[PDB]
$ cat data28.txt   # compact mmCIF, C-alpha atoms and all ligand atoms
# COMPACT_ATOMS: atom_id res chain seq x y z
CA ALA A 1 5.62 21.11 -2.42
CA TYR A 2 5.69 17.66 -4.07
CA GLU A 3 3.82 14.85 -2.39
CA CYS A 4 4.83 11.61 -4.02
CA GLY A 5 6.91 9.63 -6.48
CA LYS A 6 10.31 10.50 -7.88
CA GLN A 7 9.82 14.16 -6.95
CA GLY A 8 8.64 13.37 -3.43
CA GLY A 9 11.37 11.05 -2.22
CA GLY A 10 9.56 7.92 -3.36
CA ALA A 11 6.56 8.51 -1.10
CA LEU A 12 3.18 6.93 -1.83
CA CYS A 13 -0.22 8.58 -1.68
CA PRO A 14 -2.82 7.37 0.84
CA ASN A 15 -6.00 5.46 0.01
CA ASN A 16 -4.89 4.46 -3.48
CA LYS A 17 -4.57 8.00 -4.75
CA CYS A 18 -2.56 8.13 -7.96
CA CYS A 19 0.77 9.87 -8.05
CA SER A 20 0.82 12.03 -11.15
CA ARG A 21 3.78 12.30 -13.48
CA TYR A 22 4.55 15.59 -11.68
CA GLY A 23 4.56 14.16 -8.14
CA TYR A 24 1.15 15.09 -6.79
CA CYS A 25 -1.69 12.93 -5.43
CA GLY A 26 -5.19 12.66 -6.86
CA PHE A 27 -7.65 10.79 -9.06
CA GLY A 28 -8.74 11.16 -12.67
CA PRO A 29 -6.81 11.08 -15.91
CA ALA A 30 -4.31 13.78 -14.87
CA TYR A 31 -3.07 11.60 -12.01
CA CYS A 32 -3.91 8.01 -12.90
CA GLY A 33 -3.34 8.15 -16.65
CA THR A 34 -0.19 8.73 -18.66
CA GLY A 35 2.83 9.00 -16.36
CA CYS A 36 1.10 7.68 -13.23
CA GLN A 37 3.82 6.61 -10.77
CA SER A 38 1.82 4.74 -8.13
CA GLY A 39 -1.63 4.25 -6.66
CA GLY A 40 -4.65 3.16 -8.69
CA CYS A 41 -3.16 3.94 -12.08
CA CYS A 42 -5.32 3.35 -15.13
CA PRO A 43 -4.20 1.31 -16.77
CA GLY A 44 -2.36 -0.34 -13.93
CA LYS A 45 1.41 0.03 -13.89
CA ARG A 46 3.37 -2.74 -15.55
CA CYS A 47 4.79 -5.30 -13.16
CA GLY A 48 6.42 -8.71 -12.80
CA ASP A 49 7.81 -10.40 -15.90
CA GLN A 50 6.48 -7.50 -17.94
CA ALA A 51 8.53 -4.88 -16.08
CA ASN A 52 11.88 -6.49 -15.19
CA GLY A 53 10.50 -7.99 -11.95
CA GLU A 54 9.23 -4.67 -10.56
CA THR A 55 6.52 -5.13 -7.94
CA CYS A 56 3.33 -3.08 -7.81
CA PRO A 57 3.37 0.01 -5.64
CA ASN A 58 0.89 0.30 -2.74
CA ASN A 59 0.71 -3.51 -2.43
CA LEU A 60 -1.39 -3.88 -5.56
CA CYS A 61 -1.62 -7.30 -7.15
CA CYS A 62 0.32 -8.01 -10.30
CA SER A 63 -1.96 -9.82 -12.74
CA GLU A 64 -1.04 -12.80 -14.93
CA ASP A 65 -0.91 -10.14 -17.65
CA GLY A 66 1.58 -7.96 -15.73
CA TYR A 67 -0.70 -5.08 -14.75
CA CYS A 68 -1.23 -3.70 -11.26
CA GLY A 69 -4.70 -3.86 -9.76
CA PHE A 70 -7.11 -5.49 -7.35
CA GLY A 71 -9.90 -8.03 -7.77
CA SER A 72 -10.00 -11.64 -8.92
CA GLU A 73 -8.47 -10.72 -12.28
CA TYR A 74 -5.37 -9.39 -10.50
CA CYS A 75 -4.99 -11.24 -7.20
CA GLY A 76 -6.56 -14.58 -8.19
CA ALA A 77 -5.47 -17.10 -10.78
CA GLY A 78 -2.11 -16.21 -12.32
CA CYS A 79 -1.30 -13.44 -9.82
CA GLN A 80 2.47 -12.98 -9.80
CA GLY A 81 2.95 -10.40 -7.05
CA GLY A 82 1.38 -8.46 -4.24
CA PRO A 83 -1.36 -9.87 -2.00
CA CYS A 84 -2.23 -12.75 -4.31
CA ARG A 85 -4.96 -15.02 -2.98
CA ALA A 86 -2.56 -17.96 -2.99
CA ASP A 87 -0.35 -18.50 0.02
CA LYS A 88 3.15 -17.19 -0.64
CA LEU A 89 6.07 -19.44 0.30
CA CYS A 90 9.51 -18.26 1.38
CA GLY A 91 12.82 -19.33 2.88
CA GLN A 97 13.62 -16.85 -1.76
CA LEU A 98 13.03 -13.78 0.43
CA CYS A 99 9.51 -12.34 0.54
CA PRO A 100 9.00 -9.45 -1.84
CA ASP A 101 8.54 -5.90 -0.58
CA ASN A 102 9.90 -6.56 2.89
CA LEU A 103 7.18 -9.01 3.87
CA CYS A 104 8.07 -11.20 6.83
CA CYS A 105 8.91 -14.83 6.23
CA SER A 106 7.34 -16.68 9.14
CA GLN A 107 8.99 -19.53 11.00
CA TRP A 108 6.82 -21.87 8.91
CA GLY A 109 7.90 -20.39 5.57
CA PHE A 110 4.96 -18.21 4.57
CA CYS A 111 5.05 -14.51 3.67
CA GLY A 112 2.95 -11.96 5.52
CA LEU A 113 2.83 -9.06 7.96
CA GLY A 114 1.64 -8.90 11.55
CA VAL A 115 2.96 -10.69 14.62
CA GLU A 116 2.26 -14.23 13.35
CA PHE A 117 4.78 -13.59 10.59
CA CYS A 118 7.05 -10.85 11.91
CA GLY A 119 7.12 -11.84 15.59
CA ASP A 120 8.57 -14.93 17.23
CA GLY A 121 10.33 -17.14 14.71
CA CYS A 122 10.42 -14.53 11.95
CA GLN A 123 13.18 -15.54 9.52
CA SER A 124 13.51 -12.46 7.39
CA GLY A 125 11.78 -9.34 6.09
CA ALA A 126 10.33 -6.73 8.44
CA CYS A 127 10.79 -8.80 11.58
CA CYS A 128 9.64 -7.18 14.84
CA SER A 129 12.79 -7.81 16.84
CA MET A 130 15.76 -9.50 15.21
CA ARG A 131 19.06 -9.30 17.06
CA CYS A 132 22.49 -8.69 15.56
CA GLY A 133 25.98 -7.32 16.12
CA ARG A 134 27.99 -7.48 19.32
CA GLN A 135 24.73 -8.04 21.22
CA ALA A 136 24.05 -11.25 19.32
CA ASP A 137 27.46 -12.82 18.71
CA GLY A 138 28.16 -10.72 15.62
CA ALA A 139 25.07 -12.12 13.91
CA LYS A 140 24.21 -10.45 10.62
CA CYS A 141 20.91 -8.90 9.58
CA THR A 142 18.88 -10.31 6.70
CA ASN A 143 17.54 -8.30 3.74
CA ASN A 144 20.60 -6.03 3.82
CA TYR A 145 19.12 -4.19 6.79
CA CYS A 146 21.32 -2.23 9.19
CA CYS A 147 22.36 -3.44 12.62
CA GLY A 148 21.63 -0.63 15.07
CA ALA A 149 23.81 0.38 18.01
CA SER A 150 21.61 -1.64 20.37
CA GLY A 151 21.85 -4.75 18.21
CA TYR A 152 18.48 -4.62 16.47
CA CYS A 153 17.97 -5.08 12.74
CA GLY A 154 16.20 -2.31 10.86
CA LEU A 155 16.32 0.56 8.41
CA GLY A 156 16.16 4.31 8.80
CA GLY A 157 18.46 6.69 10.67
CA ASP A 158 18.13 4.95 14.03
CA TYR A 159 19.64 1.75 12.63
CA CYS A 160 21.77 2.91 9.70
CA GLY A 161 22.98 6.15 11.30
CA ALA A 162 25.34 6.69 14.22
CA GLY A 163 26.28 3.47 16.01
CA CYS A 164 25.51 1.29 12.98
CA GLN A 165 27.44 -1.99 13.28
CA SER A 166 26.81 -3.73 9.95
CA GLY A 167 24.84 -3.58 6.71
CA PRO A 168 24.55 -0.49 4.50
CA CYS A 169 25.60 1.89 7.30
CA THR A 170 25.93 5.61 6.53
CA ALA B 1 12.43 16.51 6.00
CA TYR B 2 9.56 14.34 7.28
CA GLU B 3 8.64 11.47 4.98
CA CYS B 4 5.35 10.08 6.13
CA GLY B 5 2.40 10.11 8.48
CA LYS B 6 0.86 13.12 10.18
CA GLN B 7 4.14 15.04 9.96
CA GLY B 8 4.61 14.12 6.31
CA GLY B 9 1.21 15.23 5.00
CA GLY B 10 -0.30 11.75 5.20
CA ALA B 11 2.20 10.14 2.86
CA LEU B 12 2.96 6.44 2.99
CA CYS B 13 6.39 4.87 2.91
CA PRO B 14 7.34 2.67 -0.02
CA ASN B 15 7.79 -1.11 0.14
CA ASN B 16 5.92 -1.50 3.43
CA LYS B 17 8.43 0.54 5.38
CA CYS B 18 7.00 1.58 8.73
CA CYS B 19 6.22 5.18 9.46
CA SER B 20 7.55 6.00 12.91
CA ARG B 21 5.73 8.07 15.49
CA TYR B 22 7.95 10.98 14.33
CA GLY B 23 7.11 10.73 10.62
CA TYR B 24 10.14 8.91 9.21
CA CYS B 25 10.37 5.64 7.21
CA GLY B 26 12.22 2.53 8.44
CA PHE B 27 12.08 -0.96 9.93
CA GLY B 28 12.74 -2.29 13.44
CA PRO B 29 11.16 -1.37 16.76
CA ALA B 30 11.80 2.40 16.50
CA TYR B 31 9.66 2.58 13.35
CA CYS B 32 7.30 -0.40 13.48
CA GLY B 33 6.67 -0.46 17.23
CA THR B 34 4.76 1.91 19.50
CA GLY B 35 3.41 4.88 17.56
CA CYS B 36 3.84 3.27 14.13
CA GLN B 37 1.51 5.17 11.78
CA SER B 38 1.58 2.98 8.68
CA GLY B 39 3.48 0.27 6.83
CA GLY B 40 4.38 -3.10 8.36
CA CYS B 41 3.74 -2.11 11.96
CA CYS B 42 4.35 -4.74 14.62
CA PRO B 43 1.91 -5.37 15.96
CA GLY B 44 -0.33 -4.41 13.05
CA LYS B 45 -2.41 -1.27 13.41
CA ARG B 46 -5.93 -1.73 14.74
CA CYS B 47 -8.64 -1.72 12.09
CA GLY B 48 -12.26 -2.47 11.25
CA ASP B 49 -14.64 -3.19 14.11
CA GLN B 50 -11.70 -2.62 16.47
CA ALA B 51 -10.85 0.85 15.15
CA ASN B 52 -14.16 2.62 14.53
CA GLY B 53 -14.20 1.30 10.95
CA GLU B 54 -10.76 2.66 10.05
CA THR B 55 -9.12 0.76 7.19
CA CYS B 56 -5.51 -0.42 7.13
CA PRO B 57 -2.93 1.89 5.56
CA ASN B 58 -1.00 0.66 2.49
CA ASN B 59 -3.81 -1.78 1.48
CA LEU B 60 -3.01 -4.18 4.28
CA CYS B 61 -5.69 -6.72 5.19
CA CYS B 62 -7.76 -6.29 8.33
CA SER B 63 -8.01 -9.60 10.18
CA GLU B 64 -11.12 -10.81 12.01
CA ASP B 65 -9.35 -9.74 15.22
CA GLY B 66 -8.93 -6.19 13.91
CA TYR B 67 -5.21 -6.12 13.15
CA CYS B 68 -3.48 -5.05 9.94
CA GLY B 69 -1.30 -7.54 8.08
CA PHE B 70 -0.97 -9.96 5.17
CA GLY B 71 -1.26 -13.71 4.81
CA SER B 72 -4.01 -16.25 5.32
CA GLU B 73 -4.63 -15.05 8.87
CA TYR B 74 -5.31 -11.49 7.67
CA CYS B 75 -6.67 -11.71 4.11
CA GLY B 76 -8.31 -15.12 4.37
CA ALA B 77 -11.19 -16.28 6.54
CA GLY B 78 -12.64 -13.45 8.63
CA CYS B 79 -10.93 -10.66 6.69
CA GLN B 80 -12.94 -7.45 7.10
CA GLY B 81 -10.93 -5.00 5.00
CA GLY B 82 -8.22 -4.49 2.42
CA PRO B 83 -7.46 -7.05 -0.29
CA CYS B 84 -9.37 -9.92 1.28
CA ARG B 85 -9.30 -13.15 -0.72
CA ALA B 86 -13.07 -13.04 -1.16
CA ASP B 87 -14.60 -11.07 -4.01
CA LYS B 88 -16.09 -7.79 -2.87
CA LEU B 89 -19.48 -6.83 -4.29
CA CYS B 90 -20.69 -3.29 -4.92
CA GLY B 91 -23.41 -1.29 -6.69
CA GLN B 97 -22.92 0.68 -2.12
CA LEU B 98 -19.46 2.17 -2.71
CA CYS B 99 -16.20 0.24 -2.54
CA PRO B 100 -13.78 1.02 0.28
CA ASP B 101 -10.49 2.92 -0.14
CA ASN B 102 -11.49 4.44 -3.50
CA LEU B 103 -11.62 1.05 -5.20
CA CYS B 104 -13.50 1.09 -8.49
CA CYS B 105 -16.92 -0.49 -8.66
CA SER B 106 -16.99 -2.27 -12.00
CA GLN B 107 -20.01 -2.25 -14.30
CA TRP B 108 -20.58 -5.81 -13.04
CA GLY B 109 -20.60 -4.79 -9.38
CA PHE B 110 -17.20 -5.97 -8.18
CA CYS B 111 -14.58 -3.85 -6.38
CA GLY B 112 -11.05 -3.58 -7.72
CA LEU B 113 -8.46 -1.50 -9.53
CA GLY B 114 -7.20 -1.67 -13.08
CA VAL B 115 -9.09 -1.16 -16.33
CA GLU B 116 -11.54 -4.03 -15.81
CA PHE B 117 -12.86 -2.16 -12.79
CA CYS B 118 -12.02 1.49 -13.41
CA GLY B 119 -12.55 1.58 -17.17
CA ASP B 120 -15.68 1.38 -19.29
CA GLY B 121 -18.78 1.14 -17.11
CA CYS B 122 -17.01 2.06 -13.87
CA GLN B 123 -19.75 3.10 -11.46
CA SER B 124 -17.75 4.71 -8.68
CA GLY B 125 -14.39 5.01 -6.98
CA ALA B 126 -11.21 5.81 -8.89
CA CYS B 127 -12.78 5.55 -12.36
CA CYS B 128 -10.43 6.13 -15.32
CA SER B 129 -12.69 8.53 -17.16
CA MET B 130 -16.08 9.21 -15.66
CA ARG B 131 -17.61 12.26 -17.31
CA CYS B 132 -19.36 15.00 -15.39
CA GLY B 133 -20.46 18.62 -15.43
CA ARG B 134 -21.46 20.68 -18.44
CA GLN B 135 -19.76 18.18 -20.77
CA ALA B 136 -22.01 15.46 -19.29
CA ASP B 137 -25.32 17.37 -19.07
CA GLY B 138 -24.72 18.20 -15.43
CA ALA B 139 -23.98 14.66 -14.30
CA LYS B 140 -22.57 14.49 -10.78
CA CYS B 141 -19.45 12.68 -9.60
CA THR B 142 -19.54 9.94 -6.99
CA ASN B 143 -17.44 9.61 -3.84
CA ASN B 144 -17.62 13.37 -3.37
CA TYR B 145 -15.01 13.73 -6.10
CA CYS B 146 -14.63 17.05 -7.93
CA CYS B 147 -15.71 17.61 -11.50
CA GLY B 148 -12.76 19.20 -13.28
CA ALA B 149 -13.00 21.97 -15.87
CA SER B 150 -12.90 19.58 -18.83
CA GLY B 151 -15.61 17.35 -17.37
CA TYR B 152 -13.87 14.38 -15.75
CA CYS B 153 -14.30 13.21 -12.17
CA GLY B 154 -11.23 13.21 -9.93
CA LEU B 155 -9.48 14.54 -6.84
CA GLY B 156 -6.51 16.81 -6.34
CA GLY B 157 -5.69 20.31 -7.51
CA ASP B 158 -6.43 19.47 -11.16
CA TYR B 159 -10.07 18.68 -10.37
CA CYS B 160 -10.91 20.50 -7.12
CA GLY B 161 -8.88 23.61 -7.91
CA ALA B 162 -9.34 26.24 -10.59
CA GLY B 163 -12.20 25.39 -12.94
CA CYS B 164 -13.84 22.88 -10.59
CA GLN B 165 -17.51 22.62 -11.60
CA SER B 166 -18.98 20.54 -8.79
CA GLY B 167 -18.02 18.49 -5.75
CA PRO B 168 -15.92 19.93 -2.91
CA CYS B 169 -14.17 22.63 -4.96
CA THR B 170 -11.76 24.83 -2.99
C1 LIG A 201 2.31 -17.47 10.31
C2 LIG A 201 2.12 -18.60 9.28
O1 LIG A 201 3.10 -19.13 8.75
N1 LIG A 201 0.87 -19.07 9.20
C3 LIG A 201 0.50 -20.07 8.18
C4 LIG A 201 0.11 -21.35 8.86
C5 LIG A 201 1.32 -21.82 9.69
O2 LIG A 201 2.24 -22.49 8.82
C6 LIG A 201 0.87 -22.77 10.81
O3 LIG A 201 1.83 -23.83 10.96
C7 LIG A 201 -0.49 -23.36 10.50
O4 LIG A 201 -1.42 -22.96 11.50
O5 LIG A 201 -0.23 -22.35 7.84
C8 LIG A 201 -1.35 -21.93 7.03
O6 LIG A 201 -1.61 -22.92 6.01
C9 LIG A 201 -2.59 -21.77 7.91
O7 LIG A 201 -2.82 -22.69 8.73
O8 LIG A 201 -3.34 -20.80 7.67
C10 LIG A 201 -1.03 -20.59 6.34
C11 LIG A 201 -0.66 -19.56 7.38
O9 LIG A 201 -0.28 -18.31 6.74
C1 LIG A 202 12.52 6.43 14.56
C2 LIG A 202 12.70 7.76 13.84
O1 LIG A 202 11.73 8.38 13.41
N1 LIG A 202 13.95 8.24 13.84
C3 LIG A 202 14.30 9.52 13.19
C4 LIG A 202 14.84 10.46 14.24
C5 LIG A 202 13.69 10.80 15.20
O2 LIG A 202 12.82 11.75 14.58
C6 LIG A 202 14.27 11.38 16.51
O3 LIG A 202 15.01 10.36 17.19
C7 LIG A 202 13.12 11.86 17.41
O4 LIG A 202 13.66 12.60 18.53
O5 LIG A 202 15.32 11.69 13.62
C8 LIG A 202 16.32 11.46 12.58
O6 LIG A 202 16.67 12.76 11.99
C9 LIG A 202 17.57 10.83 13.21
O7 LIG A 202 17.84 11.16 14.38
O8 LIG A 202 18.33 10.19 12.44
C10 LIG A 202 15.74 10.54 11.50
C11 LIG A 202 15.34 9.25 12.15
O9 LIG A 202 14.77 8.31 11.16
$ encode --input "data28.txt" --output "structure tokens" --more "lines below"
Ligand SMILES: CC(=O)N[C@H]1[C@H]([C@H](O)[C@H](O)CO)O[C@@](O)(C(=O)O)C[C@@H]1O
Ligand SMILES: CC(=O)N[C@H]1[C@H]([C@H](O)[C@H](O)CO)O[C@@](O)(C(=O)O)C[C@@H]1O
Amino acid sequence: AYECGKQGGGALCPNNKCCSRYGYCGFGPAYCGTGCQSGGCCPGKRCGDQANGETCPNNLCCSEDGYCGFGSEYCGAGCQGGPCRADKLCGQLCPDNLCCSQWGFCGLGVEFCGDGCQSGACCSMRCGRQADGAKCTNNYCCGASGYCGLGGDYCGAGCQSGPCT
Amino acid sequence: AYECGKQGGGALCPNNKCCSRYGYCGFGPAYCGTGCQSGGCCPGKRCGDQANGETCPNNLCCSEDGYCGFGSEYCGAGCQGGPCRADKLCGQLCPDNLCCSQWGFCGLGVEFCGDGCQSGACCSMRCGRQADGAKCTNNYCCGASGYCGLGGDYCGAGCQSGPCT
């Protein structure tokens, strides 16, 4: 019956809905207040240096203060995680499975994850006996067909390397 | 069993994991490719003026070309949705349940959702009998104790106004 959070297999709610302390999605104090697990918590969840390096759920920005939110106060000056307004360099894996482009910037979409993708959620990164025993980055699994990814198709039967089974 | 997407009650995957066409979380072509429902799809999901105004799942940015992603190309110049780098004015709701601050900026966190919050996922916007019949915004439900919100705690038993069930 649970929807989200520790009760719901780590799932997030859609459209910034807060995950209550009991693992259901909604807005208002019962969801976003004390115990809020993810979404638009109020106050924002603690993050970055102020929470042992934990990133914000739902790709919220981690403020200079170490709270999760959106707006200039969170994503602008002093932003330490999430979709900060500053370009994010990599080479230092991108946080939260963002793709490190060939040019060493973090992002998502084909410009980052496609041709030349170094690491993160790359579209099509080869591995295993199909790619000279090449290893996957980010501790992903090498699927039977020699593609890097996560989930049953890559970590399940036929898995060549990484955290198989 | 299912984790995400239509099959998983509209849940999102954590850490930008892609929701496959079958409603499971992962990375690689099976999850992020054709039929990808959310997360770091490759290519990014269509959005904005290229998807009938649909916003990106997981607070991804909608590029000027109508694809979901992160990075300068998506959040920077031409961004039409998500956590664009430009400040977003309001007064005129915010998208994706973002709070409209008393000053007329969209965001999340106390500076937006706290005192003076006009709309969206406000921390503690009073309503109903406790607020002299005041109505909630965003078609939220007024809970029994007179706070605006969504979910069973606000739209369920005791719901005063809004789309009670
Ligand atoms: C996919 C990627 O890395 N794109 C980055 C590009 C590339 O480095 C190209 O080399 C420059 O066009 O550089 C930027 O400064 C840019 O021009 O916007 C940031 C952008 O995120
Ligand atoms: C890409 C994807 O969603 N794969 C999932 C598959 C698909 O649902 C079936 O291949 C559809 O026929 O089912 C699993 O139980 C599996 O076989 O391990 C989980 C796995 O994550």
$ closest_residue --input "data28.txt" --among "B:54, B:65, B:137, B:73" --to "ligand LIG 201 (chain A)" --atoms "all atoms listed in the file"
B:73
$ closest_residue --input "data28.txt" --among "A:116, A:158, A:3, A:64" --to "ligand LIG 202 (chain A)" --atoms "only C-alpha atoms and all ligand atoms"
A:158
$ residues_near_ligand --input "data28.txt" --ligand "ligand LIG 202 (chain A)" --cutoff "7 Å" --atoms "all atoms listed in the file" --output "count of residues only"
13
$ residues_around --input "data28.txt" --residues "residue B:102" --least-positions-apart "4" --cutoff "10 Å" --atoms "only C-alpha atoms" --output "ChimeraX atom specification"
/A:15-17,27,40 /B:98,111-113,124-127,143
$ calpha_fit_and_write --input "data28.txt" --fixed "chain B" --moving "chain A" --output "compact mmCIF listing (two decimals) with C-alpha atoms, keeping the file's coordinate frame"
# COMPACT_ATOMS: atom_id res chain seq x y z
CA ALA A 1 12.36 16.77 6.47
CA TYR A 2 9.47 14.45 7.44
CA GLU A 3 8.61 11.61 5.11
CA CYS A 4 5.31 10.16 6.18
CA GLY A 5 2.24 10.14 8.39
CA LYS A 6 0.67 13.05 10.21
CA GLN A 7 3.91 15.04 9.94
CA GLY A 8 4.36 14.29 6.25
CA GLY A 9 0.98 15.24 4.86
CA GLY A 10 -0.44 11.74 5.24
CA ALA A 11 2.10 10.17 2.88
CA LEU A 12 2.91 6.46 3.01
CA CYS A 13 6.32 4.83 2.89
CA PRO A 14 7.24 2.54 -0.02
CA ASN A 15 7.65 -1.23 0.16
CA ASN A 16 5.85 -1.61 3.48
CA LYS A 17 8.28 0.54 5.42
CA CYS A 18 6.82 1.59 8.75
CA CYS A 19 6.10 5.21 9.45
CA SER A 20 7.45 5.98 12.89
CA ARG A 21 5.59 8.02 15.47
CA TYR A 22 7.84 10.93 14.40
CA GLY A 23 7.06 10.72 10.66
CA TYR A 24 10.04 8.87 9.23
CA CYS A 25 10.25 5.61 7.25
CA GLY A 26 12.08 2.47 8.31
CA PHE A 27 11.95 -0.97 9.90
CA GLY A 28 12.57 -2.26 13.41
CA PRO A 29 11.00 -1.40 16.73
CA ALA A 30 11.64 2.36 16.43
CA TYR A 31 9.45 2.54 13.33
CA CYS A 32 7.09 -0.43 13.45
CA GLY A 33 6.49 -0.59 17.19
CA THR A 34 4.79 1.84 19.54
CA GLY A 35 3.34 4.78 17.59
CA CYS A 36 3.69 3.21 14.13
CA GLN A 37 1.40 5.13 11.75
CA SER A 38 1.45 2.94 8.65
CA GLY A 39 3.35 0.22 6.83
CA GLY A 40 4.19 -3.15 8.36
CA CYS A 41 3.54 -2.14 11.95
CA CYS A 42 4.14 -4.74 14.64
CA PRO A 43 1.70 -5.39 15.95
CA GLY A 44 -0.46 -4.43 13.02
CA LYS A 45 -2.51 -1.26 13.37
CA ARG A 46 -6.04 -1.70 14.63
CA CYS A 47 -8.69 -1.70 11.93
CA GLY A 48 -12.32 -2.41 11.08
CA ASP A 49 -14.79 -2.91 13.91
CA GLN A 50 -11.91 -2.57 16.34
CA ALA A 51 -10.96 0.93 15.19
CA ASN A 52 -14.21 2.74 14.29
CA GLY A 53 -14.21 1.35 10.73
CA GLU A 54 -10.71 2.61 9.88
CA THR A 55 -9.13 0.71 7.00
CA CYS A 56 -5.54 -0.52 6.99
CA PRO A 57 -2.95 1.76 5.46
CA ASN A 58 -0.91 0.53 2.46
CA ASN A 59 -3.73 -1.84 1.43
CA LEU A 60 -3.01 -4.27 4.24
CA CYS A 61 -5.68 -6.79 5.14
CA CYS A 62 -7.74 -6.28 8.25
CA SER A 63 -7.96 -9.59 10.10
CA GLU A 64 -11.06 -11.06 11.76
CA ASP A 65 -9.33 -9.86 14.94
CA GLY A 66 -9.00 -6.26 13.68
CA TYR A 67 -5.25 -6.13 13.07
CA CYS A 68 -3.52 -5.08 9.87
CA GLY A 69 -1.34 -7.60 8.08
CA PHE A 70 -0.88 -10.02 5.21
CA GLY A 71 -1.16 -13.79 4.91
CA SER A 72 -4.01 -16.24 5.34
CA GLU A 73 -4.57 -15.11 8.93
CA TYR A 74 -5.29 -11.58 7.70
CA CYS A 75 -6.65 -11.79 4.16
CA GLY A 76 -8.36 -15.20 4.37
CA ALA A 77 -11.25 -16.34 6.52
CA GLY A 78 -12.79 -13.47 8.48
CA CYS A 79 -10.91 -10.72 6.62
CA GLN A 80 -12.89 -7.50 7.00
CA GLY A 81 -10.92 -5.08 4.84
CA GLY A 82 -8.17 -4.62 2.32
CA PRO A 83 -7.34 -7.19 -0.37
CA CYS A 84 -9.26 -10.02 1.28
CA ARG A 85 -9.20 -13.26 -0.68
CA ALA A 86 -12.98 -13.16 -1.02
CA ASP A 87 -14.49 -11.22 -3.88
CA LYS A 88 -15.71 -7.83 -2.69
CA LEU A 89 -19.18 -6.73 -3.79
CA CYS A 90 -20.30 -3.15 -4.33
CA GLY A 91 -23.05 -0.94 -5.72
CA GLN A 97 -22.06 0.33 -0.65
CA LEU A 98 -19.10 2.11 -2.26
CA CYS A 99 -15.78 0.25 -2.40
CA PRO A 100 -13.44 1.16 0.43
CA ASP A 101 -10.28 3.16 -0.17
CA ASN A 102 -11.30 4.46 -3.58
CA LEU A 103 -11.42 1.05 -5.23
CA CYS A 104 -13.39 0.97 -8.46
CA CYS A 105 -16.80 -0.67 -8.49
CA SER A 106 -16.98 -2.47 -11.81
CA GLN A 107 -20.04 -2.56 -14.03
CA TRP A 108 -20.71 -6.03 -12.61
CA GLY A 109 -20.55 -4.91 -8.97
CA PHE A 110 -17.13 -6.08 -7.83
CA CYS A 111 -14.39 -3.95 -6.25
CA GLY A 112 -10.93 -3.72 -7.75
CA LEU A 113 -8.36 -1.62 -9.61
CA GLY A 114 -7.16 -1.80 -13.19
CA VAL A 115 -9.07 -1.28 -16.42
CA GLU A 116 -11.51 -4.19 -15.90
CA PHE A 117 -12.85 -2.34 -12.87
CA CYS A 118 -12.00 1.31 -13.45
CA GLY A 119 -12.46 1.44 -17.23
CA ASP A 120 -15.61 1.01 -19.30
CA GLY A 121 -18.66 0.60 -17.10
CA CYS A 122 -16.95 1.73 -13.90
CA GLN A 123 -19.69 2.83 -11.48
CA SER A 124 -17.70 4.55 -8.79
CA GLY A 125 -14.33 4.84 -7.07
CA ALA A 126 -11.17 5.70 -9.00
CA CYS A 127 -12.76 5.39 -12.43
CA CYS A 128 -10.48 6.06 -15.41
CA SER A 129 -12.73 8.50 -17.22
CA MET A 130 -16.05 9.50 -15.69
CA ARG A 131 -17.77 12.53 -17.19
CA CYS A 132 -19.57 15.29 -15.31
CA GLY A 133 -20.62 18.94 -15.31
CA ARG A 134 -21.69 20.99 -18.30
CA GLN A 135 -19.92 18.46 -20.54
CA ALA A 136 -22.17 15.66 -19.34
CA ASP A 137 -25.57 17.26 -18.75
CA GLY A 138 -24.67 18.50 -15.28
CA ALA A 139 -24.00 14.94 -14.13
CA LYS A 140 -22.48 14.67 -10.67
CA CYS A 141 -19.33 12.85 -9.63
CA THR A 142 -19.44 9.89 -7.25
CA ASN A 143 -17.33 9.52 -4.09
CA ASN A 144 -17.46 13.28 -3.48
CA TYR A 145 -14.82 13.77 -6.17
CA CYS A 146 -14.44 17.10 -7.96
CA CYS A 147 -15.69 17.81 -11.46
CA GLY A 148 -12.82 19.37 -13.39
CA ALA A 149 -13.11 22.21 -15.89
CA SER A 150 -13.08 19.72 -18.77
CA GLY A 151 -15.86 17.65 -17.22
CA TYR A 152 -13.83 14.78 -15.78
CA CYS A 153 -14.23 13.43 -12.26
CA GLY A 154 -11.15 13.37 -10.04
CA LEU A 155 -9.23 14.74 -7.10
CA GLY A 156 -6.18 16.94 -6.79
CA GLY A 157 -5.58 20.50 -7.97
CA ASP A 158 -6.41 19.81 -11.62
CA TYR A 159 -9.97 18.81 -10.72
CA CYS A 160 -10.67 20.63 -7.46
CA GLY A 161 -8.75 23.81 -8.31
CA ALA A 162 -9.52 26.50 -10.87
CA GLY A 163 -12.43 25.63 -13.14
CA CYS A 164 -13.94 23.17 -10.66
CA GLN A 165 -17.66 22.75 -11.40
CA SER A 166 -18.94 20.61 -8.53
CA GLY A 167 -17.91 18.58 -5.49
CA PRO A 168 -15.54 19.80 -2.77
CA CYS A 169 -14.08 22.56 -4.98
CA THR A 170 -11.46 24.91 -3.50
$ residues_around --input "data28.txt" --residues "residue A:82" --least-positions-apart "6" --cutoff "9 Å" --atoms "only C-alpha atoms" --output "PyMOL selection string"
chain A and resi 55-62+68+75+100-101
$ atom_distance --input "data28.txt" --atom1 "atom CA of residue B:148" --atom2 "atom CA of residue B:160"
6.6 Å
$ residues_near_ligand --input "data28.txt" --ligand "ligand LIG 201 (chain A)" --cutoff "12 Å" --atoms "all atoms listed in the file" --output "number ranges by chain"
A: 85-91, 103-123; B: 69-78
$ closest_residue --input "data28.txt" --among "A:52, A:129, A:38, A:97" --to "chain B" --atoms "only C-alpha atoms"
A:129
$ axis_aligned_box --input "data28.txt" --around "stretch 77-81 of chain B" --padding-each-side "8 Å" --output "lines of an AutoDock Vina configuration file"
center_x = -11.9
center_y = -10.6
center_z = 6.8
size_x = 18.0
size_y = 27.3
size_z = 19.6
